[PDB]
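Shown next as structure tokens: one chain only, the form deposited in one PDB entry.
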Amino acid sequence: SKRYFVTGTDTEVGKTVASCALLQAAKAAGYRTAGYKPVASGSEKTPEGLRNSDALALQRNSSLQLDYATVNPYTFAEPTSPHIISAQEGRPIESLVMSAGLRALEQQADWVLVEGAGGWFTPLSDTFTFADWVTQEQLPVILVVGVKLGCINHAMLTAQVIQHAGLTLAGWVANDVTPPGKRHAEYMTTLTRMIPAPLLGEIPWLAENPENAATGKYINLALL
């Protein structure tokens, strides 16, 4: 089965928006899809426990019917770095648990998308980062680049680090986080030249909630 790890180059680049577009495109291709966000911070209280909106988006965009805990085993109330709330709450983030949830999904889906929390080097504990887990899982990576101020530097830094860890950079998705501006074409050209992986598509600026929009049309899965 196909499996990918999605990470962003900076905060607020629309990582979940791109993830939902990817899931919709995979489903259109005929795959049995599953979204997985092992760790999520910043969540609402419900009668059944804490719920994270990004995990809800992945749950909803998966073709299979999945239970929330399957999509997101680790949910924290405060939107801060996972290693900080984890320590405060006395709830360790276990590599074995994150890996188990991945296997669980692989038993039903042909195409699994794993969404990280924060960026590449987000700490899960004092001695373990998200990059450590992706590296041990040998997951190919899809980079979500927000077309904004500073994206060239952030995308190159992330790409270099990933390749250096011996992982495959499967592709990148350009997310237009702001309305059309000047230099947009120039930024896209520079990013295309510099990121050593295929551009899968560009999701235009949408003002509502791109997570709920039919965005799969913007992804060219044949390039993965």
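In this text, residue numbers run from 1 along the sequence as written.
Missing here is the form deposited with a small molecule bound; even so, the following discussion is about that form.
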| query | finding |
| --- | --- |
| Heavy atom of residue 16 within 4.5 Å of the small molecule in the deposited bound form | yes |
| Distance check, residue 25 to the small molecule in the deposited bound form, heavy atom within 4.5 Å | no |
| Residue 216: touches the small molecule in the deposited bound form, heavy atom cutoff 4.5 angstroms | no |
| Partner contact for residue 92 in the deposited bound form: the small molecule, 4.5 angstroms, heavy atom | no |
| Heavy atom contact within 4.5 Å of the small molecule in the deposited bound form, the stretch among 63 to 71, 27 to 35, 174 to 182, 160 to 168 | 174 to 182 |
